[PDB]
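Data block below; observations after.
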Amino acid sequence: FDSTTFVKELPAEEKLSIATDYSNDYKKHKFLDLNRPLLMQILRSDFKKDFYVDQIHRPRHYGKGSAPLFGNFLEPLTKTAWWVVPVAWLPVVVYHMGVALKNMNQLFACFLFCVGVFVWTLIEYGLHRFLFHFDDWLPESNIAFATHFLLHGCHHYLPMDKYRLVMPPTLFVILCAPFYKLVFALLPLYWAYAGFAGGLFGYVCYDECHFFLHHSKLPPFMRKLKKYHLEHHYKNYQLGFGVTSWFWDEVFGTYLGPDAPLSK
Ligand SMILES: [Zn+2]
Ligand SMILES: [Zn+2]
């Protein structure tokens with residue numbers, strides 16, 4: 001019925017794609033008007049931190065189309081399809097890994113690739129938990145609200161927005177820039193090549209997995225993970241930071257079990 005209310009058990013998948021009443025939403029909750037650009041509506045807002053963090057994680061749905069962010073000619077930048085990540089970054093994975101296999105013991109390079117994707121799983125947990133869900137640690141500033149919106153907020157706000165799920169390369173370049181420079185500073189050259197290639201491929205897997213968790217009927221062995229992450233969306237967002245695996249959730253004691261309570 002009401003999509004703004006969290007449930008202890010996930011409702012029908014058909015109710016997750018129900019278009020939200022715009023005017024009724026802005027009237028009932030006095031948050032954001034979905035019929036008008038959201039970003040400028042945030043930069044020019046009088047919201048308190050707790051109010052924003054409480055309302056943004058209560059999912060909406062614009063409908064068949066995609067919600068407006070800028071409303072002008074900058075809007076195309078905010079529409080990034082699922083197939084964008086592989087076609088843009090997989091060729092980079094291959095090249096970096098390709099170089100390593102031509103100037104280094106191939107087996108050791110393969111190993112460094114694997115540790116690359118492992119380190120990636122860890123980074124996934126770390127970013128998703130501490131960076132993507134900054135939440136209560138946020139300052140009382142609209143710029144911070146907009147930034148958090150761009151990073152991970154908008155996805156929770158409009159989950160079934162098929163063009164605002166994956167990370168736009170414009171942002172991913174910024175976020176990956178520190179990791180890349182760091183890897184090549186510490187590790188030997190071709191080691192850095194292999195390792196970074198691994199991490200990047202891991203990222204591609206992460207974004208693709210994360211997408212198809214929302215917009216596809218996956219094979220049975222992944223349906224558990226789908227239920228898991230969808231419970232991170234519609235039940236409790238203080239837990240279940242692993243999207244590829246709840247491994248780091250078991251490790252760091254943030255597993256989203258059936259005994260998990262609802263959020264505040
Ligand atoms: Zn998601
Ligand atoms: Zn999240």
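Residue names in the structure tokens use chain letters A, B, ... in the order shown, residue numbers from 1 in each chain, and ligand numbers from 1 in the order shown.
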Taking only C-alpha atoms and all ligand atoms into account, which residues are within 8 Å of ligand 2, as a ChimeraX atom specification? /A:128-129,132-133,152-153,155-156,232-233,237,241
Pick out each residue of stretch 98-248 of chain A that DSSP on the backbone tags as helix (DSSP H, G or I); I need them as a VMD selection string. chain A and resid 98 to 100 106 to 131 135 to 137 142 to 157 169 to 186 189 to 214 220 to 234 247 to 248
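Taking only C-alpha atoms and all ligand atoms into account, ligand 1 lies nearest to A:244 out of the set A:4, A:254, A:263, A:244.
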Could you check the closest approach to ligand 1 for each of A:229, A:61, A:36, A:235 and tell me which residue wins, using only C-alpha atoms and all ligand atoms? A:229
Need to verify the contact set: stretch 29-33 of chain A, 9 Å, only C-alpha atoms, exclusion of same-chain residues closer than 3 positions in sequence. Can you return it as an MDAnalysis selection string? chainID A and resid 22:26 36:38 41:42 47 51:52 55:56
Write out as a PyMOL selection string which residues come within 9 Å of stretch 5-20 of chain A when counting only C-alpha atoms, dropping same-chain ones fewer than 6 positions away. chain A and resi 34+58-64+159-160+227+230-231+234-236+258+260-263
Near residue A:146, counting only C-alpha atoms, which residues have an atom at most 8 Å away, once you skip same-chain residues fewer than 2 positions from it, shown as a ChimeraX atom specification? /A:39,42-43,142-144,148-150
Between A:70, A:212, A:179, A:221, which has the minimum distance to ligand 1 (counting only C-alpha atoms and all ligand atoms)? A:212
Applying 10 Å and only C-alpha atoms, which residues near residue A:110 remain after dropping the ones on its own chain fewer than 2 positions away? List them as a list in words.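 Returned residues: residues 97, 100, 101, 105, 106, 107, 108, 112, 113, 114, 115, 116, 191, 194, 195 and 198 of chain A.
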Selection from above, C-alpha atoms, as a short mmCIF file (atom, residue, chain, number, x, y, z; two decimals), in the first residue's frame, can you write it?
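Final output, out.cif:
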data_model
loop_
_atom_site.label_atom_id
_atom_site.label_comp_id
_atom_site.auth_asym_id
_atom_site.auth_seq_id
_atom_site.Cartn_x
_atom_site.Cartn_y
_atom_site.Cartn_z
CA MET A 97 45.76 -7.23 -17.03
CA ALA A 100 50.92 -7.68 -16.69
CA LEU A 101 50.77 -11.01 -18.53
CA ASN A 105 55.18 -14.37 -14.27
CA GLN A 106 51.65 -14.97 -15.54
CA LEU A 107 50.51 -17.07 -12.58
CA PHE A 108 51.59 -14.49 -9.98
CA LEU A 112 47.33 -10.38 -7.99
CA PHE A 113 44.17 -10.08 -10.07
CA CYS A 114 42.30 -12.28 -7.59
CA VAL A 115 43.54 -10.34 -4.57
CA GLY A 116 42.43 -7.36 -6.65
CA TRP A 191 51.91 -5.85 -9.96
CA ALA A 194 47.37 -6.87 -12.33
CA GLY A 195 45.95 -5.81 -8.97
CA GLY A 198 41.38 -7.16 -10.69
#
